[PDB]
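Have a look below at one chain only, the form deposited in one PDB entry, in structure tokens format.
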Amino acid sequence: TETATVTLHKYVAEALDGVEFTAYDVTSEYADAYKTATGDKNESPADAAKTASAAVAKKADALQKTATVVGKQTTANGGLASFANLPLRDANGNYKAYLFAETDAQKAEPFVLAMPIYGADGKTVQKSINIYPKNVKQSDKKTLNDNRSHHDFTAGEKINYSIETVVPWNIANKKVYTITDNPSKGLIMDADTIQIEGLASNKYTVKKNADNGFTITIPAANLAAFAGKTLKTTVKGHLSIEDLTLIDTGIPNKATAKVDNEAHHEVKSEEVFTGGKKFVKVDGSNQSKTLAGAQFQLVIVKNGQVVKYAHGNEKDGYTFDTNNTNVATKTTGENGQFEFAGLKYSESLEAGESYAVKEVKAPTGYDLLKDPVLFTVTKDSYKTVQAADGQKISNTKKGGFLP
């Protein structure tokens, strides 16, 4: 019987009509949050109401899909959405908690109101409550589109990126809108792969820049239907390594949106990585002795058979196929050292596959290995290892003659 009226005010300062808010019942959810905050203490803290509000608000995504809806109101008459006659208590005398979220229309921050609300005097209960929900200012974003816990790629492999940039309300008053991609050393952006959501290719210009990034240039008038919106740009990139100290280091992509002269906050993607492996050719009977003249190919093995051969390198990128010719191959000097770098982690490989080096030329007077030597690439497996401490590979000395 005893109820309150709750009015939300929506701003952007200027009031906005036509924005929907939905009220969900979170009585039970708030109560449990409140208990957690009060713990084993003799008196629920002052902090507790605030703390439990926050916690329930942060579960808004989930709670909209499950919690009872008690009202829907669209803002009108200068951004007003009144939810009239909201119960202070349920039918068991417990106080109600209400989640308010913008569901249709700078989105309003969701927030929770737990009854009762007291006036500034501290003793009287409010029946007409007036809230001003602050708005989540959308800002720029760059995303790596890679549904995995590990962001590891072979050199040459395509990496999908998304760029979401804010387009102002007063876009039509402006001259030019600009999106500059600045990839960190090691990443090459493929400008010819650029697409933009809801915007014909004939409405913008793309320049390839000398840091392997690019600048998109859009005349402001072409972005009129995008006023107040996010502009989504998809683009591909790849890793190309000319400095080996980049192996096993995080390689972010970056981007800045610009309107006329005013830059947005630069944004950054998840880092990508590429790995490698170092090897040392030794005498099986005497492993301090390192051997020159050995040639190893990089291959993939499954079920003990060589299934594929690597082509190319860490700069130009690798491909793998069943062509036994023009294979990525290294030759050992007197220190016995070789390496293959710019490879994704062993876990990223197909089922049953493993990297391997297949010996195709033995050092003079040493037996040619008949099987490929398996190896394992992981995070840090290349750069945390001196050349001399590479994976030892043992060769058997050919013996002398006696009649």
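Position 1 is the first residue in the sequence shown; the rest follow in order.
Novice: Going by the PDB record, how many residues of the deposited sequence fall between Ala105 and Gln106 without any coordinates: none, 1 to 3, 4 to 9, or 10 or more?
Specialist: 4 to 9 residues are missing.
Novice: For the step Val12 to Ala13, what size class fits the number of deposited residues with no coordinates, none, 1 to 3, 4 to 9, or 10 or more?
Specialist: The entry has a long gap there, with 10 or more residues left out between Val12 and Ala13.
Novice: As stated in the PDB record, which stretch has the larger average Cα B-factor, 370-378 or 53-61?
Specialist: For C-alpha atoms only, the mean B-factor is higher in 53-61.
Novice: Mean Cα B factor from the PDB record: higher for 205-213, or higher for 133-141?
Specialist: Looking at the record's C-alpha B-factors, the answer is 133-141.
Novice: Looking at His311, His238, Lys127, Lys96, which has the highest Cα B-factor in the entry?
Specialist: In the PDB entry, the greatest C-alpha B-factor among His311, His238, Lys127, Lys96 is found at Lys127.
Novice: Kindly indicate the residue among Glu347, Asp40, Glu339, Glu359 with the greatest C-alpha B-factor in the PDB record.
Specialist: So the option with the highest C-alpha B-factor is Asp40.
Novice: Would you mind ranking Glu266 by its C-alpha B-factor against the rest of the chain and naming the third, lowest, middle or highest?
Specialist: Highest third - that is where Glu266 ends up once the chain's C-alpha B-factors are sorted.
Novice: Lowest, middle or highest third of the chain for the C-alpha temperature factor of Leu244?
Specialist: CA B-factor rank for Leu244: middle third.
Novice: Once the chain's modelled residues are ordered by C-alpha B factor and cut into thirds, is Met189 in the lowest, middle or highest one?
Specialist: According to the entry, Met189 has a C-alpha B-factor in the chain's lowest third.
Novice: Among the modelled residues of its chain, does the C-alpha B-factor of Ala114 lie in the lowest, middle or highest third?
Specialist: Tercile = lowest for this residue's CA B-factor.
Novice: Using the temperature factors of the C-alpha atoms in this entry, rank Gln295 within its chain: lowest, middle or highest third.
Specialist: Within its chain, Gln295 is a lowest-third residue by C-alpha B-factor, going by the deposited values.
There is also a form deposited in another entry; it is not shown, and the following applies to it.
Novice: Taking the better superposition fit per C-alpha between this form and the one not shown, does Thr124 end up alongside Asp316 in one rigid part?
Specialist: Looking at the motion between this form and the one not shown, one finds that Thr124 and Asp316 are grouped in opposite rigid parts.
Novice: Over in the other structure, so in that other deposited form, do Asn145 and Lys58 pull closer or drift farther apart at the C-alpha level? The difference is 3 angstroms or more.
Specialist: Closer in that other deposited form, by 3 Å or more.
Novice: Could you tell me whether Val166 and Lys58 have their C-alpha atoms closer or farther apart in that other deposited form than in the shown form, knowing the shift is 3 angstroms or more?
Specialist: Residues converge in that other deposited form, at least 3 Å closer.
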